[PDB]
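Since the structure comes first, as structure tokens, the remarks are kept for the end.
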Amino acid sequence: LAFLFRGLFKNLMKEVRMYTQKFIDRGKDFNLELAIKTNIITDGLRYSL
DNA sequence: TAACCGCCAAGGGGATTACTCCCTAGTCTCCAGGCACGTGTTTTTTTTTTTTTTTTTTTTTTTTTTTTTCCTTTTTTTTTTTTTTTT
């Protein structure tokens, strides 16, 4: 479960980086609650279990 | 201290004259090795076919039967409608 947490945390950081990179090039700010997709870790753990 | 010079003495052999003789210069005449020409048979090069190991590819993995579980996409870009602001 630690290894799955590593993989899902890396995927979550990649998605957060993608979101803030596509919302940083226009000069505007971003929302931290809208930045994190909460379904990724829960969906991955549910599928792998 | 003996080179050098002067003086004297002795002898040895190269120069000279003559006689001889014998070996080569010259001239035919026969014939045979020396040389010009042709070429070879080994030597190197090139192909040719095989050999031998390595590497890669491909195919395979006893049969029958009965229950669940999860999934049978998903984000990402483009479009299209809606709403708000301005003159």
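Naming works like this for the structure tokens: A, B, ... for the chains as they're shown, residue 1 at the start of each chain, ligands 1 onward in shown order.
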
When you get a sec, could you note down which chain A residues fall within 12 Å of chain B, using only C-alpha atoms (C1' of nucleotides), as a count of residues only? 8

Using the chain letters and numbers from this document, which residues of chain A does DSSP assign to alpha helix (DSSP H), as a ChimeraX atom specification? /A:2-22,32-35,39-48

Find the spatial neighbours of residue A:1, counting only C-alpha atoms (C1' of nucleotides), within a cut-off of 10 Å - ignore same-chain residues fewer than 3 positions away - and output them as a PyMOL selection string. chain A and resi 4-7+45+48-49

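Proximity of A:29, A:34, A:24, A:41 to residue A:11, computed with only C-alpha atoms, is greatest for A:41.
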